[PDB]
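Structure data follow from protein-v4.txt (compact mmCIF, N, CA and C atoms):
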```txt
# COMPACT_ATOMS: atom_id res chain seq x y z
N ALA A 1 -5.92 12.74 5.32
CA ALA A 1 -6.76 11.82 4.53
C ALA A 1 -6.35 10.38 4.79
N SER A 2 -7.33 9.52 5.03
CA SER A 2 -7.07 8.11 5.29
C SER A 2 -6.50 7.44 4.05
N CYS A 3 -5.40 6.72 4.23
CA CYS A 3 -4.74 6.04 3.12
C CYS A 3 -5.60 4.90 2.57
N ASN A 4 -5.73 4.87 1.25
CA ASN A 4 -6.50 3.85 0.55
C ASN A 4 -6.32 3.99 -0.96
N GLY A 5 -6.09 2.87 -1.63
CA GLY A 5 -5.91 2.88 -3.07
C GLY A 5 -5.17 1.65 -3.54
N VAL A 6 -4.45 1.78 -4.63
CA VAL A 6 -3.67 0.68 -5.17
C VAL A 6 -2.19 1.07 -5.21
N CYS A 7 -1.33 0.13 -4.89
CA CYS A 7 0.10 0.39 -4.87
C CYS A 7 0.89 -0.86 -5.20
N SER A 8 2.05 -0.68 -5.80
CA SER A 8 2.91 -1.79 -6.09
C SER A 8 3.69 -2.08 -4.82
N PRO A 9 3.77 -3.35 -4.39
CA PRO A 9 4.48 -3.72 -3.16
C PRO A 9 5.96 -3.38 -3.22
N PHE A 10 6.43 -3.04 -4.41
CA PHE A 10 7.82 -2.68 -4.63
C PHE A 10 8.02 -1.18 -4.41
N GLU A 11 6.94 -0.42 -4.51
CA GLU A 11 6.98 1.02 -4.34
C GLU A 11 7.20 1.41 -2.88
N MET A 12 8.14 2.30 -2.65
CA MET A 12 8.42 2.79 -1.32
C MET A 12 8.78 4.26 -1.38
N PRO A 13 8.00 5.13 -0.73
CA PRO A 13 6.82 4.73 0.03
C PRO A 13 5.59 4.58 -0.86
N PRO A 14 4.73 3.59 -0.58
CA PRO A 14 3.51 3.34 -1.36
C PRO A 14 2.48 4.44 -1.17
N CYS A 15 1.80 4.80 -2.26
CA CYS A 15 0.78 5.86 -2.24
C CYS A 15 1.37 7.20 -1.79
N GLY A 16 2.65 7.40 -2.08
CA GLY A 16 3.32 8.64 -1.74
C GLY A 16 3.27 8.99 -0.26
N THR A 17 3.51 8.01 0.60
CA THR A 17 3.51 8.25 2.04
C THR A 17 4.08 7.06 2.79
N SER A 18 4.96 7.34 3.74
CA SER A 18 5.59 6.30 4.54
C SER A 18 4.73 5.95 5.74
N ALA A 19 3.67 6.73 5.95
CA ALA A 19 2.75 6.50 7.06
C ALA A 19 1.83 5.32 6.78
N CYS A 20 1.65 5.03 5.51
CA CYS A 20 0.79 3.94 5.08
C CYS A 20 1.61 2.69 4.78
N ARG A 21 0.92 1.61 4.45
CA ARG A 21 1.59 0.37 4.11
C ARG A 21 0.87 -0.28 2.94
N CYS A 22 1.64 -0.91 2.07
CA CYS A 22 1.08 -1.53 0.88
C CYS A 22 0.83 -3.02 1.10
N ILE A 23 -0.39 -3.45 0.85
CA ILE A 23 -0.75 -4.86 0.99
C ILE A 23 -0.51 -5.56 -0.34
N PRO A 24 0.44 -6.51 -0.39
CA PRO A 24 0.79 -7.23 -1.62
C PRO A 24 -0.25 -8.27 -2.04
N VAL A 25 -1.45 -7.80 -2.37
CA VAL A 25 -2.52 -8.68 -2.83
C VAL A 25 -2.37 -8.94 -4.33
N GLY A 26 -1.15 -9.20 -4.73
CA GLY A 26 -0.83 -9.44 -6.12
C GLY A 26 0.65 -9.64 -6.29
N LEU A 27 1.05 -10.17 -7.43
CA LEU A 27 2.46 -10.41 -7.71
C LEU A 27 3.24 -9.10 -7.70
N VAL A 28 2.73 -8.11 -8.41
CA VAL A 28 3.38 -6.81 -8.48
C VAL A 28 2.37 -5.69 -8.27
N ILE A 29 1.28 -6.01 -7.60
CA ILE A 29 0.24 -5.03 -7.32
C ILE A 29 -0.48 -5.35 -6.02
N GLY A 30 -0.86 -4.32 -5.31
CA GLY A 30 -1.56 -4.49 -4.07
C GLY A 30 -2.45 -3.30 -3.81
N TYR A 31 -2.74 -3.02 -2.55
CA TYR A 31 -3.58 -1.88 -2.24
C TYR A 31 -3.05 -1.14 -1.03
N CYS A 32 -3.18 0.18 -1.06
CA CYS A 32 -2.73 1.01 0.03
C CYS A 32 -3.71 0.91 1.18
N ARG A 33 -3.20 0.61 2.36
CA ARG A 33 -4.04 0.51 3.52
C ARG A 33 -3.32 1.11 4.71
N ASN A 34 -4.02 2.00 5.40
CA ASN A 34 -3.47 2.67 6.55
C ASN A 34 -3.43 1.75 7.75
N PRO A 35 -2.32 1.75 8.49
CA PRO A 35 -2.15 0.91 9.68
C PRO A 35 -2.93 1.47 10.87
N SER A 36 -4.06 2.10 10.58
CA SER A 36 -4.91 2.69 11.61
C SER A 36 -6.37 2.35 11.33
N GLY A 37 -6.61 1.12 10.88
CA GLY A 37 -7.96 0.70 10.58
C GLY A 37 -7.98 -0.59 9.79
```

Would you kindly transcribe this structure into structure tokens?
Amino acid sequence: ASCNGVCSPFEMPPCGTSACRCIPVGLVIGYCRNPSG
């Protein structure tokens, strides 16, 4: 499943997966985005 959602930039791994990366579009909140799109 393609990674997508909301994640705290402090959370590791974000969205329960190290394959994805969290975009810090907020002070303590961001969004999960897969490094494949």

Practice task
Name all residues at most 6.5 Å from range 6-20 of chain A (count all atoms listed in the file; drop same-chain ones fewer than 5 positions away) and give them as a PyMOL selection string.
Solution key: chain A and resi 28-35

Exercise for the section: Assign secondary structure with DSSP using the backbone only, and return the residues of chain A in strand (DSSP E) as a PyMOL selection string. Expected result: chain A and resi 4-7+21-23+30-33

Fill in the blank from the handout: Correct to one decimal, the distance atom N of residue 1 in chain A-atom C of residue 27 in chain A is 27.0 Å

Edge lengths and centre in Å to one decimal, as AutoDock Vina command-line options, is what I'm after for the box along x, y and z that holds all listed atoms of range 15-33 of chain A once 5 Å is added on each side.
```
--center_x 0.8 --center_y -0.7 --center_z -0.7 --size_x 19.6 --size_y 29.4 --size_z 25.5
```

Please return range 2-21 of chain A, rebuilt to N, CA, C and O atoms, as a PDB file, keeping the file's coordinate frame.
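Below is the file that was written, rebuild.pdb:
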```
ATOM      1  N   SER A   2      -7.330   9.520   5.030  1.00  0.00           N
ATOM      2  CA  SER A   2      -7.070   8.110   5.290  1.00  0.00           C
ATOM      3  C   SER A   2      -6.500   7.440   4.050  1.00  0.00           C
ATOM      4  O   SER A   2      -7.029   7.583   2.949  1.00  0.00           O
ATOM      5  N   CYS A   3      -5.400   6.720   4.230  1.00  0.00           N
ATOM      6  CA  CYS A   3      -4.740   6.040   3.120  1.00  0.00           C
ATOM      7  C   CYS A   3      -5.600   4.900   2.570  1.00  0.00           C
ATOM      8  O   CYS A   3      -6.119   4.078   3.330  1.00  0.00           O
ATOM      9  N   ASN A   4      -5.730   4.870   1.250  1.00  0.00           N
ATOM     10  CA  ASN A   4      -6.500   3.850   0.550  1.00  0.00           C
ATOM     11  C   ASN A   4      -6.320   3.990  -0.960  1.00  0.00           C
ATOM     12  O   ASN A   4      -6.398   5.095  -1.499  1.00  0.00           O
ATOM     13  N   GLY A   5      -6.090   2.870  -1.630  1.00  0.00           N
ATOM     14  CA  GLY A   5      -5.910   2.880  -3.070  1.00  0.00           C
ATOM     15  C   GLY A   5      -5.170   1.650  -3.540  1.00  0.00           C
ATOM     16  O   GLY A   5      -5.239   0.613  -2.893  1.00  0.00           O
ATOM     17  N   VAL A   6      -4.450   1.780  -4.630  1.00  0.00           N
ATOM     18  CA  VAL A   6      -3.670   0.680  -5.170  1.00  0.00           C
ATOM     19  C   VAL A   6      -2.190   1.070  -5.210  1.00  0.00           C
ATOM     20  O   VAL A   6      -1.860   2.220  -5.507  1.00  0.00           O
ATOM     21  N   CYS A   7      -1.330   0.130  -4.890  1.00  0.00           N
ATOM     22  CA  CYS A   7       0.100   0.390  -4.870  1.00  0.00           C
ATOM     23  C   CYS A   7       0.890  -0.860  -5.200  1.00  0.00           C
ATOM     24  O   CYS A   7       0.467  -1.963  -4.882  1.00  0.00           O
ATOM     25  N   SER A   8       2.050  -0.680  -5.800  1.00  0.00           N
ATOM     26  CA  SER A   8       2.910  -1.790  -6.090  1.00  0.00           C
ATOM     27  C   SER A   8       3.690  -2.080  -4.820  1.00  0.00           C
ATOM     28  O   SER A   8       4.199  -1.159  -4.186  1.00  0.00           O
ATOM     29  N   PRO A   9       3.770  -3.350  -4.390  1.00  0.00           N
ATOM     30  CA  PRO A   9       4.480  -3.720  -3.160  1.00  0.00           C
ATOM     31  C   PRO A   9       5.960  -3.380  -3.220  1.00  0.00           C
ATOM     32  O   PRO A   9       6.664  -3.423  -2.209  1.00  0.00           O
ATOM     33  N   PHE A  10       6.430  -3.040  -4.410  1.00  0.00           N
ATOM     34  CA  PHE A  10       7.820  -2.680  -4.630  1.00  0.00           C
ATOM     35  C   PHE A  10       8.020  -1.180  -4.410  1.00  0.00           C
ATOM     36  O   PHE A  10       9.143  -0.732  -4.169  1.00  0.00           O
ATOM     37  N   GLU A  11       6.940  -0.420  -4.510  1.00  0.00           N
ATOM     38  CA  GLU A  11       6.980   1.020  -4.340  1.00  0.00           C
ATOM     39  C   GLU A  11       7.200   1.410  -2.880  1.00  0.00           C
ATOM     40  O   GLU A  11       6.492   0.928  -1.987  1.00  0.00           O
ATOM     41  N   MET A  12       8.140   2.300  -2.650  1.00  0.00           N
ATOM     42  CA  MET A  12       8.420   2.790  -1.320  1.00  0.00           C
ATOM     43  C   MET A  12       8.780   4.260  -1.380  1.00  0.00           C
ATOM     44  O   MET A  12       9.767   4.637  -2.025  1.00  0.00           O
ATOM     45  N   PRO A  13       8.000   5.130  -0.730  1.00  0.00           N
ATOM     46  CA  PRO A  13       6.820   4.730   0.030  1.00  0.00           C
ATOM     47  C   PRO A  13       5.590   4.580  -0.860  1.00  0.00           C
ATOM     48  O   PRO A  13       5.401   5.337  -1.815  1.00  0.00           O
ATOM     49  N   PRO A  14       4.730   3.590  -0.580  1.00  0.00           N
ATOM     50  CA  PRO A  14       3.510   3.340  -1.360  1.00  0.00           C
ATOM     51  C   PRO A  14       2.480   4.440  -1.170  1.00  0.00           C
ATOM     52  O   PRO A  14       2.310   4.962  -0.065  1.00  0.00           O
ATOM     53  N   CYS A  15       1.800   4.800  -2.260  1.00  0.00           N
ATOM     54  CA  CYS A  15       0.780   5.860  -2.240  1.00  0.00           C
ATOM     55  C   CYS A  15       1.370   7.200  -1.790  1.00  0.00           C
ATOM     56  O   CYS A  15       0.666   8.033  -1.211  1.00  0.00           O
ATOM     57  N   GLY A  16       2.650   7.400  -2.080  1.00  0.00           N
ATOM     58  CA  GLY A  16       3.320   8.640  -1.740  1.00  0.00           C
ATOM     59  C   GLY A  16       3.270   8.990  -0.260  1.00  0.00           C
ATOM     60  O   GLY A  16       3.024  10.142   0.096  1.00  0.00           O
ATOM     61  N   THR A  17       3.510   8.010   0.600  1.00  0.00           N
ATOM     62  CA  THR A  17       3.510   8.250   2.040  1.00  0.00           C
ATOM     63  C   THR A  17       4.080   7.060   2.790  1.00  0.00           C
ATOM     64  O   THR A  17       3.746   5.905   2.517  1.00  0.00           O
ATOM     65  N   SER A  18       4.960   7.340   3.740  1.00  0.00           N
ATOM     66  CA  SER A  18       5.590   6.300   4.540  1.00  0.00           C
ATOM     67  C   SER A  18       4.730   5.950   5.740  1.00  0.00           C
ATOM     68  O   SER A  18       5.010   4.999   6.471  1.00  0.00           O
ATOM     69  N   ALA A  19       3.670   6.730   5.950  1.00  0.00           N
ATOM     70  CA  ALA A  19       2.750   6.500   7.060  1.00  0.00           C
ATOM     71  C   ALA A  19       1.830   5.320   6.780  1.00  0.00           C
ATOM     72  O   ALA A  19       1.290   4.709   7.694  1.00  0.00           O
ATOM     73  N   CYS A  20       1.650   5.030   5.510  1.00  0.00           N
ATOM     74  CA  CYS A  20       0.790   3.940   5.080  1.00  0.00           C
ATOM     75  C   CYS A  20       1.610   2.690   4.780  1.00  0.00           C
ATOM     76  O   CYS A  20       2.841   2.719   4.822  1.00  0.00           O
ATOM     77  N   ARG A  21       0.920   1.610   4.450  1.00  0.00           N
ATOM     78  CA  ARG A  21       1.590   0.370   4.110  1.00  0.00           C
ATOM     79  C   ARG A  21       0.870  -0.280   2.940  1.00  0.00           C
ATOM     80  O   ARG A  21      -0.350  -0.176   2.806  1.00  0.00           O
TER      81      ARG A  21
END
```
